[PDB]
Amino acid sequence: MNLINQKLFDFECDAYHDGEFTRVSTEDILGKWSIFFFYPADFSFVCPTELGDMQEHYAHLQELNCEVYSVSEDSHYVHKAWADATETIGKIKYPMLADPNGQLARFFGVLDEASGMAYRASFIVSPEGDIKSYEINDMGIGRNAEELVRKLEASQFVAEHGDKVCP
C-alpha cells in the first residue's frame, strides 16, 4: 500500500507550458529528477499560493537537475485561462499537466472519488522513474515548498552515496 520504488507507468497527456500547449509523456520525465505537484482545483484560493511558492524555488530545482509537473483534474484549456486570469499562475514557468481522465491521480492514488479532485499530494521521482518520497495532505492543509526541496536534496544525497552516515 505504498509506492516507494515503484516505476512510473506508461502515459501521455496534455500540458500547459509557457503560454502554449504541449504533450508530455513518460519518456519526457526520464533523465531528470521530477516533482509531481498535485492540487485540487484551478480558479481556487489556496492553490495559487502553493503553485506560486513552487515557482520561487523552481530555479533552484532546475539547478538540481529537477523538473516540476503540477497536476490537476482540470483540462489544459482551463490551465491557460487560469494563467491569463491570475498573475500568480501567469508567472509559472514549469509545465502544468492536465488530467481530466484521472490516469495520473489514480495511478498515484491521490484522487478523491467524491469530489473528483486530486489531493494536495507531492511526489519526488528519480531519473529512472522510481518514486522515492511523497506526501499526501487533505484539502485545506497547505504545503511548504522549502521542505519539498529539502527532501529532493536529501534523496539525491542518498542516490549518489550508497552508505549514509550521521555527523
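The numbering used is simple: start at 1 and walk along the sequence shown.
The PDB entry records a higher mean C-alpha B factor for 44 to 52 than for its counterpart among 29 to 37 and 44 to 52. In this entry, 56 to 64 has the higher mean Cα B-factor, the comparison being between 124 to 132 and 56 to 64. Ranked against the other modelled residues of its chain, the C-alpha B-factor of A85 as given in the entry falls in the highest third.
The entry lists a Cα temperature factor for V165 that places it in the highest third of the chain's modelled residues.
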